[PDB]
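Undergrad: Encoded as structure tokens, here's the structure I'll be asking about.
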Amino acid sequence: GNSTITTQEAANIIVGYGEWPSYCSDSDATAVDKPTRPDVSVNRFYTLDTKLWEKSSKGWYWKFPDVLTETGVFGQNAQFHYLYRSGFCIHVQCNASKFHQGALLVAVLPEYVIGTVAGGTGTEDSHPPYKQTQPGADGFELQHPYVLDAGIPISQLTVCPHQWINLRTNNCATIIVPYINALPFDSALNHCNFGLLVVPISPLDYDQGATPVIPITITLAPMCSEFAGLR
Amino acid sequence: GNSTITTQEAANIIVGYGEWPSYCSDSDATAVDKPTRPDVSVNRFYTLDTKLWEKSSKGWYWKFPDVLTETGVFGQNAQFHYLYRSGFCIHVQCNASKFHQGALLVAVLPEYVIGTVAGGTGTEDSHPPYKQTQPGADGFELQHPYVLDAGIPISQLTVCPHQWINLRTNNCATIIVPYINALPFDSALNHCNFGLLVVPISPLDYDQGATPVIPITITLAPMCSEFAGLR
Amino acid sequence: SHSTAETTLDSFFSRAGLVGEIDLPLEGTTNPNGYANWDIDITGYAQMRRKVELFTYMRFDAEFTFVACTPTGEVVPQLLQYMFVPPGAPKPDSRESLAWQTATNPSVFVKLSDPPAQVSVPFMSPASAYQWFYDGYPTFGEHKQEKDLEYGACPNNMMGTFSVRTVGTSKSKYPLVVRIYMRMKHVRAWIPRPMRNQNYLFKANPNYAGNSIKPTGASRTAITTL
Amino acid sequence: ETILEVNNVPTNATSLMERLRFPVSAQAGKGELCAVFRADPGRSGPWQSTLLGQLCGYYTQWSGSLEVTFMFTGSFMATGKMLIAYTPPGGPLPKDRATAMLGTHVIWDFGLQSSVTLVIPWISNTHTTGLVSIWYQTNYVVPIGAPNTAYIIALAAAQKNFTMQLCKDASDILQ
């Protein structure tokens with residue numbers, strides 16, 4: 001941790017599926033290749049940036065690990081290596097005034113396969129572009145949110161690991177996510193293991209004050225990263 | 001308590017006269033038939049309703065046990081029965097903003113014999129109507145406040161059991177009242193054993209905000225009820 | 001107390017549903033040469049896709065049963081052949097192909113007069129479990145435009161193919177239809193997802209009708225009415 | 001726990017998201033009825049938004065206790081008390097707030113508890129539904145510069161004593 005900022009942390013922490021991230025056992029590691037375990041250098045607190053929440057906004061999503069694939073040592077140690085394995089520590093911080101009000105749904109959904117409009121009837125056998133499906137650092141903004149842009153209702157999204165951000169109670173959510181995939185090792189650039197989801201359910205509002213845009217900061221850091229083949 | 005909404009209990013509680021409500025011992029109770037002690041079903045938290053406090057309001061008062069005589073099981077176990085005994089647990093709740101201001105005097109006055117105007121000179125040997133003397137659940141609004149509508153100065157009311165509600169410190173009053181009467185057992189409909197008094201002393205005020213009316217919720221529940229004659 | 005046996009995955013899945021209808025007429029374009037290759041999918045039992053998409057990763061054995069008959073339901077003295085083509089193995093291109101004799105792909109020889117053919121198929125994926133969702137791309141490179149059809153496609157869920165014959169050499173004397181029934185066995189599921197709420201548009205692709213988005217459930221006239 | 005769509009407005013397909021939230025505003029008044037829904041998940045339709053309700057769609061008969069967690073999404077400065085009342089099968093919704101009191105009810109404040117949770121004692125399916133009613137105990141109190149309108153999210157789920165009993169299949173197409 002290059003900058004631990006105390007947020008008066010409490011039992012807000014939410015283990016993904018009750019499984020703390022762990023290194024692949026070498027009996028589990030179906031390889032005689034030396035698995036590169038990259039200590040602290042990449043385990044640092046990577047803070048993506050800030051997105052501006054306004055009452056018209058619909059939501060945002062990231063794709064792990066595509067978010068960080070071009071973001072620092074972790075990024076370079078992912079593009080270069082052939083096999084990748086890791087967990088994460090998601091700290092979505094939304095700090096707003098005591099006079100603001102709202103609710104975000106920070107949630108993590110494994111294998112967030114995106115479905116986008118193919119035509120209002122489905123006139124096209126279309127398919128979402130490299131941009132939309134692997135947005136990376138900027139993150140991508142949802143267009144249809146009731147359906148999670150995947151023929152999937154958000155009303156039950158909370159069946160996934162999730163942390164509420166009600167502006168009257170908390171300003172910080174803390175989700176840690178273990179590596180989840182059929183294979184112990186998959187590609188880093190190609191198989192986005194899971195997706196971070198944060199959607200304003202109860203929309204923001206205010207008497208017209210001096211600030212109309214609430215920040216949503218996502219800080220995150222790998223837990224037990226792991227790489228194998230080199231370049 | 002069917003819905004104890006924790007307000008984090010505090011030393012606002014005020015024993016009547018250092019006398020906790022108690023069942024009348026039958027050595028004290030001049031009766032040989034078994035006195036009906038009506039379990040929890042009637043000890044439930046009766047919440048009258050909410051009165052809207054506005055800066056022109058002068059005060060309100062209720063009459064025990066006239067408040068509940070027609071409101072639920074307790075009312076039914078009083079109108080039917082001939083003799084009645086009980087205490088009460090008064091929980092006056094006033095929830096307002098931190099920008100509002102005012103001060104209430106929640107007070108309990110035994111035998112609140114009401115006096116009404118006899119004429120601007122005193123033209124009438126009049127006597128107050130069934131409504132005013134027994135307003136019941138809805139409650140009655142004071143007309144003359146400095147005098148407690150009984151030739152009686154409110155400036156000394158605090159000699160009665162009382163709890164202040166300053167909006168900068170507290171939002172809740174909690175008075176418990178033991179049965180106080182010359183007789184151990186009296187009628188429920190005819191002798192209003194005492195009266196609840198809640199009068200704004202330091203008046204409400206505000207620069208024109210978004211709320212001009214502060215609510216006053218009154219919850220109450222009997223303590224040591226006791227009934228005798230049947231129908 | 002009661003029992004949570006029917007709310008188990010096996011009770012929820014272990015019922016054989018119709019997954020394949022194969023028409024074998026004597027004249028028509030439907031099946032001219034007389035053979036059909038049926039790529040296995042756990043759909044067909046249409047109501048299965050929503051169920052099976054409750055989870056992300058799944059694992060199971062499969063039991064296939066083969067009911068054969070004429071369109072009248074008449075049983076006729078025909079000797080059919082059900083041949084199973086495992087993944088990767090070459091599928092038959094025509095009735096005279098050597099694949100029908102290539103005994104690396106198991107094949108069942110049943111008469112239509114005999115009761116339905118039955119046989120069990122083990123878990124076939126190279127992966128540790130089936131995926132109904134592969135949020136990404138399967139290849140390891142390139143940038144070309146038509147890579148989008150590859151998006152969301154996991155080949156590892158290739159369970160194989162069933163091929164039906166007459167048998168040869170000369171064409172049948174009877175109009176035939178075979179029904180394939182699939183029942184799951186030893187079901188293990190994993191990552192649970194919110195259940196599908198919009199009508200399906202494609203296969204192996206979770207698209208939704210963009211202009212016609214209906215809410216998940218029925219609606220009412222006002223919030224305070226019954 | 002999953003989100004309970006109590007609010008129903010489909011025509012506004014662009015903003016179907018309104019279905020997840022209560023409107024509660026200062027233009028209301030004491031005893032005014034905020035919202036009301038039934039306490040049977042298998043039937044359409046406010047429970048159909050729940051993961052529970054649609055799983056039940058795959059089953060025929062069932063029985064158990066339910067719990068509905070309400071979460072207040074207003075500002076820190078907003079206050080006001082709301083009455084949630086349960087009225088068991090048989091017998092209609094109470095005429096007014098007072099008559100909701102005599103039955104099992106819950107006095108909910110936004111001041112102290114941002115999230116209150118109601119337990120539905122028992123509902124079986126031996127073949128009316130039961131009835132959850134939410135009332136305005138008080139005014140909606142808000143200072144200057146604070147929103148006169150806020151929203152509530154309802155989260156519902158069943159408890160471990162819940163069982164589904166007979167298997168059925170639903171209504172969603174292929175292709």
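Identifiers in the structure tokens: chain A, B, ... in order shown; residue index from 1 per chain; ligand index from 1 in order shown.
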Using only C-alpha atoms, what table do you get, as a tab-separated table, when you list each residue of chain C with an atom no more than 9 Å from chain D, its nearest pair of atoms, and their distance in Å rounded to one decimal, rows by chain then rising number?

TA:
```
residue	atom	partner	partner_atom	distance
C:1	CA	D:161	CA	8.5
C:2	CA	D:163	CA	7.8
C:3	CA	D:163	CA	7.7
C:4	CA	D:163	CA	6.6
C:5	CA	D:165	CA	8.7
C:6	CA	D:165	CA	6.3
C:7	CA	D:164	CA	6.3
C:11	CA	D:167	CA	8.2
C:12	CA	D:167	CA	7.2
C:43	CA	D:174	CA	8.0
C:44	CA	D:174	CA	8.1
C:45	CA	D:174	CA	8.9
C:46	CA	D:174	CA	5.3
C:47	CA	D:172	CA	6.4
C:48	CA	D:169	CA	8.8
C:49	CA	D:174	CA	7.5
C:50	CA	D:172	CA	7.2
C:51	CA	D:58	CA	8.9
C:194	CA	D:51	CA	6.9
C:195	CA	D:51	CA	7.4
C:196	CA	D:172	CA	8.4
C:197	CA	D:172	CA	8.1
C:198	CA	D:172	CA	8.0
C:199	CA	D:173	CA	6.3
C:200	CA	D:175	CA	5.2
C:201	CA	D:175	CA	5.2
C:202	CA	D:175	CA	5.4
C:203	CA	D:175	CA	6.5
C:211	CA	D:13	CA	9.0
C:212	CA	D:13	CA	8.3
C:213	CA	D:13	CA	6.7
C:214	CA	D:10	CA	7.2
C:215	CA	D:10	CA	6.5
C:216	CA	D:49	CA	6.2
C:217	CA	D:48	CA	5.3
C:218	CA	D:45	CA	5.2
C:219	CA	D:8	CA	5.1
C:220	CA	D:8	CA	5.7
C:221	CA	D:8	CA	7.5
C:222	CA	D:8	CA	7.0
C:223	CA	D:7	CA	5.7
C:224	CA	D:35	CA	5.3
C:225	CA	D:36	CA	7.4
C:226	CA	D:37	CA	7.5
```

Undergrad: Do a neighbour search on region 75-92 of chain B at 6 Å with only C-alpha atoms, toss out local chain neighbours closer than 4 positions, and write the hits as a VMD selection string.

TA: chain B and resid 21 68 to 71 172 to 179 185 to 188 217 to 231

Undergrad: Using only C-alpha atoms, find each residue of chain A with at least one atom at most 6 Å away from an atom of chain D; report its shortest atom-to-atom pair and that distance in Å (one decimal), sort the rows by chain and rising residue number, and return the result as a tab-separated table.

TA:
```
residue	atom	partner	partner_atom	distance
A:98	CA	D:76	CA	5.7
A:99	CA	D:75	CA	5.8
A:100	CA	D:75	CA	5.7
A:101	CA	D:75	CA	4.4
A:102	CA	D:73	CA	5.6
A:146	CA	D:17	CA	5.7
A:155	CA	D:3	CA	5.0
A:156	CA	D:2	CA	5.3
A:166	CA	D:73	CA	6.0
A:168	CA	D:76	CA	4.6
A:206	CA	D:147	CA	5.3
A:207	CA	D:145	CA	5.0
```

Undergrad: Using backbone DSSP assignments, extract all alpha helix (DSSP H) residues from region 34-227 of chain A; output them as a list in words.

TA: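 Taking region 34-227 of chain A and keeping alpha helix (DSSP H) gives residues 73, 74, 75, 76, 77, 78, 79, 130, 131, 132 and 133 of chain A.
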
Undergrad: Using DSSP secondary structure from the backbone, list all strand (DSSP E) positions within region 7-185 of chain A, as a ChimeraX atom specification.

TA: /A:13-15,46-53,60-64,84-85,88-93,103-110,140-141,162-166,174-177

Undergrad: Looking at only C-alpha atoms, which of C:19, C:176, C:151, C:187 is the one that sits closest to residue 126 (chain A)?

TA: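 Once distances to residue 126 (chain A) are computed over only C-alpha atoms, the minimum belongs to C:151.
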
Undergrad: Find the residues near region 26-28 of chain B: any atom within 9 Å, counting only C-alpha atoms, skip ones fewer than 4 places away on the same chain, and give them as a PyMOL selection string.

TA: chain B and resi 32+35+184

Undergrad: May I have the selected residues written with C-alpha atoms, as a CSV table (one decimal), in the first residue's frame?

TA:
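Final output, saved to out04.csv:
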```
chain,number,residue,atom,x,y,z
B,32,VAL,CA,-62.9,-9.7,46.6
B,35,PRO,CA,-59.4,-8.2,39.0
B,184,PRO,CA,-58.4,3.0,44.1
```

Undergrad: Could you name the residues that touch region 59-63 of chain C at 8 Å or less, counting only C-alpha atoms, but leaving out those on the same chain fewer than 3 positions away, as a count of residues only?

TA: 17

Undergrad: Report as a short mmCIF file (atom, residue, chain, number, x, y, z; two decimals) with N, CA and C atoms, in the first residue's frame all protein, DNA and RNA residues lying within 9 Å of residue 51 (chain A), evaluated on only C-alpha atoms, omitting residues in the same chain fewer than 6 positions from it.

TA:
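Final output, selection00.cif:
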```
data_model
loop_
_atom_site.label_atom_id
_atom_site.label_comp_id
_atom_site.auth_asym_id
_atom_site.auth_seq_id
_atom_site.Cartn_x
_atom_site.Cartn_y
_atom_site.Cartn_z
N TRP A 60 -22.16 3.00 -14.71
CA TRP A 60 -20.85 2.72 -15.28
C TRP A 60 -20.46 1.27 -15.03
N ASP A 138 -11.10 4.28 -18.48
CA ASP A 138 -12.19 5.25 -18.45
C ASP A 138 -13.47 4.61 -17.94
N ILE A 214 -21.62 14.94 -8.15
CA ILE A 214 -20.97 14.12 -7.14
C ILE A 214 -19.98 13.13 -7.75
N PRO A 215 -18.74 13.15 -7.23
CA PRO A 215 -17.62 12.31 -7.67
C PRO A 215 -17.79 10.86 -7.26
N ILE A 216 -17.35 9.93 -8.10
CA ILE A 216 -17.29 8.53 -7.72
C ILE A 216 -15.88 8.01 -7.96
N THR A 217 -15.10 7.89 -6.89
CA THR A 217 -13.72 7.46 -7.02
C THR A 217 -13.59 5.97 -6.76
N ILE A 218 -12.90 5.27 -7.65
CA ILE A 218 -12.67 3.84 -7.47
C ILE A 218 -11.18 3.61 -7.29
#
```
